[PDB]
Amino acid sequence: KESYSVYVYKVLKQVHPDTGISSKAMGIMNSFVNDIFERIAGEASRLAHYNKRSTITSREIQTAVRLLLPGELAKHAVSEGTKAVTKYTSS
Amino acid sequence: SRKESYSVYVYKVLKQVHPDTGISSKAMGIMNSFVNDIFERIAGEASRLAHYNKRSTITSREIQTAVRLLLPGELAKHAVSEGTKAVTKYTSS
Amino acid sequence: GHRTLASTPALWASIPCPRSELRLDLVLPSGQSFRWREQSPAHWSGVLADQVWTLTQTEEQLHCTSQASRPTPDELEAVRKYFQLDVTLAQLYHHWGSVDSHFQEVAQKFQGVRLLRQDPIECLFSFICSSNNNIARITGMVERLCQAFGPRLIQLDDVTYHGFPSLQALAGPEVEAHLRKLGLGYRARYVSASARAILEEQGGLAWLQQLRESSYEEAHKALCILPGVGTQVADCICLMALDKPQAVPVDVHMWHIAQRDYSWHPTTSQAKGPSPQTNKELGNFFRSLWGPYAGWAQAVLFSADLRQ
Amino acid sequence: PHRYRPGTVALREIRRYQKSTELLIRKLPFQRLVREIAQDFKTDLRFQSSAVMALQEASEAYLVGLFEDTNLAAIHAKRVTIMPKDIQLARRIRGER
Amino acid sequence: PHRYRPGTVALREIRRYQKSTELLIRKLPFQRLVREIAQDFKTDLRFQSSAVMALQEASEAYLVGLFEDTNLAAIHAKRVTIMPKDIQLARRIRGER
Amino acid sequence: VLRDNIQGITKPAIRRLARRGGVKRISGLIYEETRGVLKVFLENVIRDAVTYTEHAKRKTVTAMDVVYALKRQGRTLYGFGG
Amino acid sequence: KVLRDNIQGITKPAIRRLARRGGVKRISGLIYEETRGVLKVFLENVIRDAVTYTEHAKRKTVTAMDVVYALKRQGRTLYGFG
Amino acid sequence: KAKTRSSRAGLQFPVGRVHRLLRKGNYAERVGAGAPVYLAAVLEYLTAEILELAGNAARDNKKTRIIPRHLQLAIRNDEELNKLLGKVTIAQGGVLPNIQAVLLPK
Amino acid sequence: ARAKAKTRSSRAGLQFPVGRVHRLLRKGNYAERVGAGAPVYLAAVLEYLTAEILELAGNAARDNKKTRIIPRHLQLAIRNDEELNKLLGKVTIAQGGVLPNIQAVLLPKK
DNA sequence: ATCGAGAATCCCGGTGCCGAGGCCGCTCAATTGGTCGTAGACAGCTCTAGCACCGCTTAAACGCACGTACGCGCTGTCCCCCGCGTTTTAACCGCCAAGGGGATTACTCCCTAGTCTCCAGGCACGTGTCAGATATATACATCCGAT
DNA sequence: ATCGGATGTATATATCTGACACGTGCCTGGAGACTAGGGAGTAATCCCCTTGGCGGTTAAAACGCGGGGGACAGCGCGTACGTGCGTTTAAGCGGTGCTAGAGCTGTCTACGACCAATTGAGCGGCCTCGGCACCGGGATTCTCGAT
């Protein structure tokens, strides 16, 4: 069963290096990540259909981020996304 | 441009329901958008079952399940009966 | 340009053959061979025995023609063999008519539909292109396939005739990609794939040619191995290129004919519509109805059903 | 000088504005308001008239629903006149907040 | 002969039940009721224990939200008690009919 | 399983739920109303869950189907798989 | 092209008429300010999404389709227009 | 001669068009044969219900046309249609006439 | 020869799996084709949200003198932040409980 | 509880006006053709998780007694909202003009699906091991009934 | 205002233990290279749809000005709901067994595939006479001032 358990555990070490997490909380984070993935992917699919475009590119992923995430959270999320894409393209 | 719609088809249904009743353009637009909304809901849920059961295709039973999930009460029963009758008649060509 | 009986009289030779024994207009464009064209009214041109010919018929004669002289007796024999003229169609029609009154009704209006002796290789790949398709398109596909990979023969007007491609050529590199650009669709893979299987796994040409001495059961079995060659295609080849006169191809046309003209329905099968089991049953049905030359009787109704 | 009951004209008004289906809001001031709201997100932005009409219809429907809910809230409080308390309760119960 | 005043241990245990995160509804009665509801739509349905737990948690969260909104409706009418009128009101604004 | 299981949610359970909800004083007529509300919500969820199970050609109701049916009604639930 | 003080454009009679359509019998004086506030909030919520949809399509005007999509995203689903 | 699928299934909504949008809409890479027919039948039933109710409402108001007021009124008076359409506004639809009891004069 | 395999998550400096997200997107039939930058963008967004949630939950756990994250801490993290509450207003967390709040007049005479 | 003046409302017929619908033109959109390869329906088979059942124990329900504080009824007070009349005003409708951008169309190019050939990142699996449950013992925070 | 009795938490400590965290084995999903082609970015165009202006009429907004009626504060009462307690019961807890269905595998009947002819409905263009808003008028019913 494909999951995000080890990745969330990796991120937890970055955030609080000396904090443990229960398996129930691991499952909740897994479900949360799956739900947010489903929301963004589905809404970006709606943008792709609305613009008569058959490719899901980063522009409408960013638009979906701006639509779903709230105000100040959206600015940080879009900043992280642009930073990641620029790093990927440069490297 | 060629904007497609269900206006003529709604008119055909209207003629076999109330033969002597007219209808306005605004009402026709509302009816077309209603058809589009119900179509999109049912198709979305039918495709959603396909992922939930790991099915790679949409058959006539996913549509029935989606109708039973969406339509409340006696609409579900009568729509299921209508769909079963229609698919049976189509198969018995 | 293409010759006509009236323009170059001293270039045609005849073969005794009454219209009741052969109707070119009912055989050449009916999906048996896809290489004949009525370039001029009542005159059909195509490749026969590695050379070009034009054929036209009167009431009791079949007229045939860088040729600069009339066809020789040896060459004319090539034509008789292609049309299997030693087989008397009148005797066959009589028999089929006697055991099937429906055939008798149709046979009154569609006389002269006989079967063509054919080359195994040409027949195999032409019918591999026949599948899920219409005669008009199939004809084009086969023409482009021969122009691209077959030997160049002679040119008449703006038409350049080509011999049928060899196994080695069809098995060549990038043939599939070429045939897809020529519009063969997915059958492009079938052609490439089957040429190689025959050459690299089945023992080359000899394997396909030996089938003519093998039994229908064996032959049909052997062909089903090749990509693009299931039951309908295999039967087509057995009947038209391997001398299996009892082979009966079952397509959509014979599916409808059985249903509306004989009120036929599967009994041993489980499915109520076309399936590998029902198709096989329909074939036996026709075999028990018409006999040893059931495939030839099939050719008559198929040709007649095209005229709708 | 004959004068009506202070509430009877109000109920007449209820019946009159629940009978018909006109807009009840002047179009041009609403359009000006919409453009004023829209300028802060993106300057030099044009509007299609149908979009403005859609906005006005949706806003009217939302306000009518909100007023119905807050009327229920006021009635539940053994009252007739609505209060901002009622509106805030309607928004909290609905979940907009 | 010592007694706490009404509304003191009533005001308490609110902190206790907001502190805890347990279920507050007995498992077996909810099992029986879920099976009873199930037998109407289809006869003899099997239920995983996880399914019953998920149903219990969903219904309990729903009821907690409903009781919060009921408390809002009750506090609105200058009442500390909650009456069923509050429940129909909260359902009506929430759109549950 | 047969009958009279709605009394399974006794008065103290509802009282405890209301205490968690921030309710101080509960009238007598609350328990019957909330029992009815719980019945309505439970059947409205169970209908969709059983529909999912029946479409799955199963006879056992999984937690996964209950989660999906809850997601259909806008009450997304976390912790029982995705 | 600056627009200032247009929230007052939502006149008191218009709010009165909207409340009348909502079946309200008597209106206080603070209701006008409160409903101006809630209308401003709701229009900001809608226009944010509408302008993002317009900006995505590389268009410089807000079409009705964008408003319909923005409303359907929030859960309004207005028919008719488009 | 071609015999269209809608007439073959005794339906008016175009089965072919529903099938086209089902394929193009990217719901699954494969769409079964009977599913568009079932969808078209369901759409027929819903449209027939809403038009017969709208026509009844229109004749109630001595009107030979259907206007958005008629559609909104027909949707709101019916119960199951209202539940299906509980989260929708209708453009130019107005509201159902409803006056609370305590607002009436004594 | 091949120049050794390095994951795109390392290429973009992410911890969340870029390739897994790409696979889910392409087999999730969300569109006919999937762009190159979209999986990286979405993985970064998911990583940022997870980092925010975990940071707030860790703060809540520290304030409760537990070193292990439990769903009660997740509930406090979600509903003690205004924006996160708005983002996840329509979700129920199993074993999450409810945040503590009491209405003012319920409190006794001062 | 009626009479009745008066105002809002309902019914009937004429008038004209624009739009719903019918008809024609033209055009792309389902439909099908000499099928075969291929995924889902179905039977097979294991094994496990759900069902039933019983006995023990004790924590929860509950039936009951009792007191008290809350909801509700009732009252007078007063302030403020509504009906109404008069006075601005800017909304609306009609008309006109100018140009910005949004569909379009043609063109190219390069980004990505698909595919072949690997390989290590991450998923079962097993095992140490300590954060937390848990029982026990003390510290103090706060209701509360007098005082 | 206050004070200790008494509950009810807060705080601290010893002692297990089973979820948590870690290393390990292994393979399958991820990655690198390479190729073909079509989705998409870009330039030119036109036309049309939006913005803006200008002016005349007037429906509607603003505003003052009563006055009654509804919001609201205060008081009483009696009853319905809390707190506490002895008693019952049934809900967990723990076994033990039964087994029917859940899930994974191994075979062969319904769709995709290429796309070009083939109509044939489906939409655009364009009248056209009728449904219905509006007016003009008169009669009906509701409403509040009077007894």
# chains A, B, ... in the order shown; residues from 1 in each chain; ligands from 1
$ closest_atom_pairs --of "chain E" --to "chain D" --cutoff "6 Å" --atoms "only C-alpha atoms" --output "tab-separated table"
residue	atom	partner	partner_atom	distance
E:77	CA	D:77	CA	4.8
E:93	CA	D:69	CA	5.8
E:94	CA	D:94	CA	5.3
$ select_by_dssp --residues "range 23-72 of chain E" --states "alpha helix (DSSP H)" --output "MDAnalysis selection string"
chainID E and resid 27:41 49:72
$ interface_residues --of "chain C" --to "chain J" --cutoff "12 Å" --atoms "only C-alpha atoms (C1' of nucleotides)" --output "PyMOL selection string"
chain C and resi 30-32+126-138+186-187+189-190+224+226-236+248-256+274-276+279+298-299+302-303+305-306
$ interface_residues --of "chain K" --to "chain C" --cutoff "9 Å" --atoms "only C-alpha atoms (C1' of nucleotides)" --output "list in words"
residues 109, 113, 114, 115 and 116 of chain K
$ write_last_selection --atoms "C-alpha atoms (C1' of nucleotides)" --output "compact mmCIF listing (two decimals), in the first residue's frame"
# COMPACT_ATOMS: atom_id res chain seq x y z
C1' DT K 109 -16.51 -12.71 -24.40
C1' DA K 113 -8.43 0.49 -32.89
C1' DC K 114 -7.30 3.59 -38.10
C1' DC K 115 -10.35 6.47 -40.66
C1' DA K 116 -13.04 7.48 -44.88
$ residues_around --residues "residue 47 in chain B" --least-positions-apart "4" --cutoff "8 Å" --atoms "only C-alpha atoms (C1' of nucleotides)" --output "list in words"
residues 43, 51, 58 and 62 of chain B; 27 and 28 of chain H
$ interface_residues --of "chain B" --to "chain A" --cutoff "12 Å" --atoms "only C-alpha atoms" --output "PyMOL selection string"
chain B and resi 40+44+48
$ interface_residues --of "chain J" --to "chain H" --cutoff "12 Å" --atoms "only C-alpha atoms (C1' of nucleotides)" --output "PDB file with N, CA, C and O atoms (P, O5', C5', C4', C3', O3' and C1' of nucleotides), in the first residue's frame"
ATOM      1  P    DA J  20     -38.616  34.362 -27.276  1.00  0.00           P
ATOM      2  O5'  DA J  20     -39.719  33.219 -27.465  1.00  0.00           O
ATOM      3  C5'  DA J  20     -40.892  33.505 -28.223  1.00  0.00           C
ATOM      4  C4'  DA J  20     -41.633  32.241 -28.626  1.00  0.00           C
ATOM      5  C3'  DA J  20     -40.862  30.947 -28.488  1.00  0.00           C
ATOM      6  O3'  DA J  20     -41.795  29.861 -28.464  1.00  0.00           O
ATOM      7  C1'  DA J  20     -40.879  31.718 -30.756  1.00  0.00           C
ATOM      8  P    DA J  29     -18.525  18.588 -35.742  1.00  0.00           P
ATOM      9  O5'  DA J  29     -19.625  17.682 -35.015  1.00  0.00           O
ATOM     10  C5'  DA J  29     -20.903  17.509 -35.629  1.00  0.00           C
ATOM     11  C4'  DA J  29     -21.538  16.179 -35.253  1.00  0.00           C
ATOM     12  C3'  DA J  29     -20.644  15.203 -34.519  1.00  0.00           C
ATOM     13  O3'  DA J  29     -21.455  14.225 -33.896  1.00  0.00           O
ATOM     14  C1'  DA J  29     -20.983  14.425 -36.703  1.00  0.00           C
ATOM     15  P    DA J  30     -21.114  13.702 -32.419  1.00  0.00           P
ATOM     16  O5'  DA J  30     -22.234  12.597 -32.140  1.00  0.00           O
ATOM     17  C5'  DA J  30     -21.949  11.228 -32.383  1.00  0.00           C
ATOM     18  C4'  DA J  30     -23.045  10.581 -33.207  1.00  0.00           C
ATOM     19  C3'  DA J  30     -22.976   9.069 -33.266  1.00  0.00           C
ATOM     20  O3'  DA J  30     -24.239   8.561 -33.673  1.00  0.00           O
ATOM     21  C1'  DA J  30     -22.418   9.912 -35.359  1.00  0.00           C
ATOM     22  P    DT J  31     -24.626   7.027 -33.405  1.00  0.00           P
ATOM     23  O5'  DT J  31     -25.058   6.480 -34.848  1.00  0.00           O
ATOM     24  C5'  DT J  31     -24.335   6.880 -36.005  1.00  0.00           C
ATOM     25  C4'  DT J  31     -24.352   5.793 -37.058  1.00  0.00           C
ATOM     26  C3'  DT J  31     -23.865   4.440 -36.584  1.00  0.00           C
ATOM     27  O3'  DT J  31     -24.412   3.436 -37.416  1.00  0.00           O
ATOM     28  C1'  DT J  31     -22.302   5.324 -38.103  1.00  0.00           C
ATOM     29  P    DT J  32     -24.334   1.889 -36.995  1.00  0.00           P
ATOM     30  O5'  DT J  32     -23.477   1.231 -38.171  1.00  0.00           O
ATOM     31  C5'  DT J  32     -23.848   1.461 -39.520  1.00  0.00           C
ATOM     32  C4'  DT J  32     -22.684   1.190 -40.449  1.00  0.00           C
ATOM     33  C3'  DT J  32     -21.908  -0.098 -40.153  1.00  0.00           C
ATOM     34  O3'  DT J  32     -21.670  -0.800 -41.357  1.00  0.00           O
ATOM     35  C1'  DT J  32     -20.432   1.720 -40.279  1.00  0.00           C
ATOM     36  P    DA J  39      -4.789  -5.927 -22.205  1.00  0.00           P
ATOM     37  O5'  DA J  39      -5.944  -5.679 -21.125  1.00  0.00           O
ATOM     38  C5'  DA J  39      -6.412  -4.357 -20.866  1.00  0.00           C
ATOM     39  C4'  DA J  39      -7.905  -4.344 -20.565  1.00  0.00           C
ATOM     40  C3'  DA J  39      -8.294  -4.716 -19.143  1.00  0.00           C
ATOM     41  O3'  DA J  39      -9.556  -4.126 -18.835  1.00  0.00           O
ATOM     42  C1'  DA J  39      -9.097  -6.363 -20.594  1.00  0.00           C
ATOM     43  P    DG J  40     -10.058  -4.016 -17.314  1.00  0.00           P
ATOM     44  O5'  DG J  40     -11.352  -4.944 -17.266  1.00  0.00           O
ATOM     45  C5'  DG J  40     -12.629  -4.387 -17.531  1.00  0.00           C
ATOM     46  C4'  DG J  40     -13.663  -5.478 -17.716  1.00  0.00           C
ATOM     47  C3'  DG J  40     -14.249  -6.035 -16.428  1.00  0.00           C
ATOM     48  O3'  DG J  40     -15.545  -6.549 -16.678  1.00  0.00           O
ATOM     49  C1'  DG J  40     -13.009  -7.714 -17.481  1.00  0.00           C
TER      50       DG J  40
END
$ interface_residues --of "chain I" --to "chain K" --cutoff "12 Å" --atoms "only C-alpha atoms (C1' of nucleotides)" --output "PyMOL selection string"
chain I and resi 1-9+17-23+32-35+67-69
$ closest_residue --among "H:47, H:82, H:72, H:61" --to "chain G" --atoms "only C-alpha atoms"
H:72
